[PDB]
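Student: Quick one, final_9.txt (compact mmCIF, C-alpha atoms (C1' of nucleotides)):
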# COMPACT_ATOMS: atom_id res chain seq x y z
CA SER A 1 82.99 108.08 110.84
CA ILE A 2 82.51 104.67 109.18
CA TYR A 3 86.13 104.49 108.01
CA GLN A 4 87.15 105.09 111.62
CA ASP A 5 84.59 102.56 112.84
CA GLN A 6 86.30 100.00 110.58
CA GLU A 7 89.79 100.94 111.82
CA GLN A 8 88.69 100.37 115.40
CA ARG A 9 86.82 97.15 114.73
CA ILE A 10 90.09 96.01 113.10
CA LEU A 11 92.25 97.15 116.03
CA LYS A 12 89.79 95.74 118.56
CA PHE A 13 89.89 92.42 116.70
CA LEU A 14 93.69 92.29 116.58
CA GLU A 15 94.00 93.27 120.25
CA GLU A 16 91.49 90.59 121.21
CA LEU A 17 93.43 88.08 119.19
CA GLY A 18 96.34 89.21 121.34
CA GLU A 19 99.37 91.45 120.82
CA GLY A 20 101.54 88.53 119.76
CA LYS A 21 99.32 86.61 117.32
CA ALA A 22 98.70 87.74 113.72
CA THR A 23 96.16 87.03 110.96
CA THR A 24 95.39 87.62 107.30
CA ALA A 25 93.31 90.36 105.68
CA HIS A 26 91.11 87.51 104.47
CA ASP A 27 90.27 86.26 107.96
CA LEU A 28 89.78 89.88 109.00
CA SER A 29 87.54 90.51 106.00
CA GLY A 30 85.57 87.34 106.77
CA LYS A 31 85.23 87.92 110.50
CA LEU A 32 84.16 91.54 110.16
CA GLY A 33 82.09 91.00 107.06
CA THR A 34 83.86 93.83 105.27
CA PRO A 35 85.23 93.48 101.70
CA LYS A 36 88.89 92.50 101.62
CA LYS A 37 89.79 95.57 99.57
CA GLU A 38 88.51 97.88 102.27
CA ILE A 39 90.28 95.78 104.93
CA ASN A 40 93.62 96.01 103.13
CA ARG A 41 93.38 99.77 102.64
CA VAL A 42 92.97 100.16 106.38
CA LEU A 43 95.51 97.48 107.16
CA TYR A 44 98.17 99.18 105.02
CA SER A 45 97.17 102.63 106.26
CA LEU A 46 97.42 101.62 109.91
CA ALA A 47 100.78 100.05 109.05
CA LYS A 48 101.94 103.10 107.11
CA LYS A 49 101.54 104.96 110.39
CA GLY A 50 103.14 102.27 112.54
CA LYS A 51 100.15 101.03 114.55
CA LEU A 52 100.17 97.54 112.98
CA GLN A 53 103.12 95.42 111.90
CA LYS A 54 102.96 93.70 108.55
CA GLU A 55 104.90 90.46 108.24
CA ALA A 56 105.69 89.84 104.57
CA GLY A 57 104.75 86.60 102.92
CA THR A 58 101.79 85.48 100.88
CA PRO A 59 99.33 86.25 101.97
CA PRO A 60 100.72 88.88 104.39
CA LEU A 61 100.17 88.50 108.15
CA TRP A 62 99.00 91.38 110.34
CA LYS A 63 99.30 91.94 114.11
CA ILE A 64 99.24 94.74 116.67
CA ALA A 65 102.85 95.91 116.57
CA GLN B 1 83.46 88.45 73.22
CA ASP B 2 82.24 91.88 72.17
CA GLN B 3 85.14 93.36 74.13
CA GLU B 4 87.76 91.13 72.53
CA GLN B 5 86.75 92.36 69.08
CA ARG B 6 86.55 96.01 70.16
CA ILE B 7 90.01 96.01 71.72
CA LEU B 8 91.50 94.14 68.75
CA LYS B 9 89.63 96.51 66.41
CA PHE B 10 91.19 99.53 68.11
CA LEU B 11 94.62 97.86 68.17
CA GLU B 12 94.10 97.39 64.45
CA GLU B 13 92.83 100.88 63.62
CA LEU B 14 95.95 101.88 65.54
CA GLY B 15 98.75 99.94 63.89
CA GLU B 16 100.18 96.48 64.47
CA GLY B 17 103.54 98.11 65.16
CA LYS B 18 102.29 100.66 67.69
CA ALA B 19 101.50 99.36 71.19
CA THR B 20 99.52 101.03 73.99
CA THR B 21 98.49 100.75 77.63
CA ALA B 22 95.28 99.39 79.10
CA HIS B 23 94.69 102.85 80.58
CA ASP B 24 94.67 104.55 77.17
CA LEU B 25 92.52 101.61 76.08
CA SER B 26 90.10 101.71 79.02
CA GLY B 27 89.65 105.46 78.72
CA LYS B 28 89.14 105.32 74.97
CA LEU B 29 86.44 102.64 74.91
CA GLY B 30 84.45 103.78 77.93
CA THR B 31 85.16 100.55 79.84
CA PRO B 32 86.60 99.60 83.27
CA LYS B 33 90.36 99.03 83.25
CA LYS B 34 89.63 95.73 85.00
CA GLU B 35 87.65 94.55 81.97
CA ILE B 36 90.28 95.75 79.51
CA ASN B 37 93.03 93.95 81.43
CA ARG B 38 91.00 90.75 81.71
CA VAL B 39 90.47 90.67 77.96
CA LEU B 40 94.00 91.92 77.28
CA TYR B 41 95.74 89.26 79.35
CA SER B 42 93.45 86.59 77.87
CA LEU B 43 94.02 87.60 74.27
CA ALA B 44 97.75 87.52 74.91
CA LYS B 45 97.75 84.09 76.53
CA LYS B 46 95.98 82.84 73.39
CA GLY B 47 98.61 84.55 71.26
CA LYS B 48 96.18 86.97 69.57
CA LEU B 49 97.82 89.92 71.33
CA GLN B 50 101.39 90.64 72.31
CA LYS B 51 102.44 91.89 75.73
CA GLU B 52 105.66 93.79 76.36
CA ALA B 53 106.38 93.34 80.05
CA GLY B 54 106.76 96.74 81.63
CA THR B 55 105.19 99.34 83.86
CA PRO B 56 102.77 100.03 82.40
CA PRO B 57 102.64 96.95 80.15
CA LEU B 58 102.19 97.56 76.42
CA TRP B 59 99.88 95.64 74.09
CA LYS B 60 99.73 95.30 70.30
CA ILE B 61 98.41 92.97 67.60
CA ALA B 62 100.44 89.75 67.45
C1' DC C 1 96.56 85.19 94.23
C1' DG C 2 101.03 88.94 96.57
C1' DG C 3 96.55 93.46 95.03
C1' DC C 4 96.69 98.31 99.42
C1' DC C 5 95.49 101.13 93.87
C1' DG C 6 92.69 106.20 94.26
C1' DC D 1 101.15 101.91 90.23
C1' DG D 2 103.01 96.42 87.79
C1' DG D 3 96.74 94.76 89.26
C1' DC D 4 94.33 90.58 85.03
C1' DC D 5 92.13 88.54 90.59
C1' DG D 6 86.77 85.26 90.17
Could I get this file's structure written as structure tokens?

Tutor:
Amino acid sequence: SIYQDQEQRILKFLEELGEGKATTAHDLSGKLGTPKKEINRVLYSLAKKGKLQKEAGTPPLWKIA
Amino acid sequence: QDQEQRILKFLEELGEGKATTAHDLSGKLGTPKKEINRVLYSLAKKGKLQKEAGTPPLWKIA
DNA sequence: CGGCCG
DNA sequence: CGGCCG
């Protein structure tokens, strides 16, 4: 599934960045060439489950929990 | 422009005392809520429309 | 400007 | 659930 392809590309990217480090949906969107909206829906969904950790701020930071 | 007059026209044919949400607006003019809100927030900044902060927010003739 | 939202 | 936002 595409949606699942995009969740994995996102996880793969965050894991490659490293478990500590975090980035913004914007960088993610840019690097994966996927609209920011679609990146945030996955980002917040993966976080809603507990896979990713969202650090509040503006704009929010995202890293593998 | 055409949208500014439509929205204001509906908010007129409605009643300067009675407000309304963008949603009722967007689904009454066959237009995206994004458009409605763009116009709405613009018309209010100019003073032509009045916004009552809320959730949802209500708009009426100023 | 945070916006994920459908 | 507020979202207008490019």

Student: Which residues, written as a PDB file with C-alpha atoms, in the coordinates of the input, have at least one atom at most 6 Å from segment 22-35 of chain A, with only C-alpha atoms (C1' of nucleotides) counted and residues fewer than 5 positions away on the same chain left out?

Tutor:
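So the final result, stored in out_13.pdb, reads:
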ATOM      1  CA  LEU A  61     100.170  88.500 108.150  1.00  0.00           C
ATOM      2  CA  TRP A  62      99.000  91.380 110.340  1.00  0.00           C
ATOM      3  CA  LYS A  63      99.300  91.940 114.110  1.00  0.00           C
TER       4      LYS A  63
END

Student: Would you compute the distance between atom CA of residue 29 of chain B and atom CA of residue 4 of chain B? Give it in Å to one decimal.

Tutor: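 A separation of 11.8 Å between them.
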
Student: If we count all atoms listed in the file, which residues of chain B reach to within 7 Å of chain D? Please list them as a list in words.

Tutor: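 Here they are: residues 34, 37, 38, 41, 55 and 56 of chain B.
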
Student: Near chain C, meaning an atom within 9 Å, which residues of chain A appear when counting only C-alpha atoms (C1' of nucleotides)? Write them as a PDB file with C-alpha atoms, in the coordinates of the input.

Tutor:
ATOM      1  CA  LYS A  37      89.790  95.570  99.570  1.00  0.00           C
ATOM      2  CA  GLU A  38      88.510  97.880 102.270  1.00  0.00           C
ATOM      3  CA  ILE A  39      90.280  95.780 104.930  1.00  0.00           C
ATOM      4  CA  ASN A  40      93.620  96.010 103.130  1.00  0.00           C
ATOM      5  CA  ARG A  41      93.380  99.770 102.640  1.00  0.00           C
ATOM      6  CA  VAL A  42      92.970 100.160 106.380  1.00  0.00           C
ATOM      7  CA  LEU A  43      95.510  97.480 107.160  1.00  0.00           C
ATOM      8  CA  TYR A  44      98.170  99.180 105.020  1.00  0.00           C
ATOM      9  CA  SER A  45      97.170 102.630 106.260  1.00  0.00           C
ATOM     10  CA  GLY A  57     104.750  86.600 102.920  1.00  0.00           C
ATOM     11  CA  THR A  58     101.790  85.480 100.880  1.00  0.00           C
ATOM     12  CA  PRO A  59      99.330  86.250 101.970  1.00  0.00           C
ATOM     13  CA  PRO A  60     100.720  88.880 104.390  1.00  0.00           C
TER      14      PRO A  60
END

Student: Any idea what's packed within 12 Å of residue 21 of chain A, counting all atoms listed in the file, ignoring anything in its chain fewer than 6 positions away? Could you give it as an MDAnalysis selection string?

Tutor: chainID A and resid 13:15 52:55 61:65

Student: Could you please determine the separation between atom CA of residue 20 of chain A and atom CA of residue 1 of chain A in Å, to one decimal place?

Tutor: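 One can read the atom CA of residue 20 of chain A to atom CA of residue 1 of chain A distance as 28.4 Å.
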
Student: Between atom CA of residue 7 of chain B and atom CA of residue 45 of chain B, what distance in Å does the model show, to one decimal?

Tutor: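 Here the two named atoms are 15.0 Å from each other.
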
Student: So that I can check the surroundings of segment 57-61 of chain B, please list as a ChimeraX atom specification every protein, DNA and RNA residue that reaches within 9 Å of it, counting only C-alpha atoms (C1' of nucleotides) and ignoring chain neighbours fewer than 3 positions away.

Tutor: /B:8,11-12,14-22,40,44,48-54 /D:2
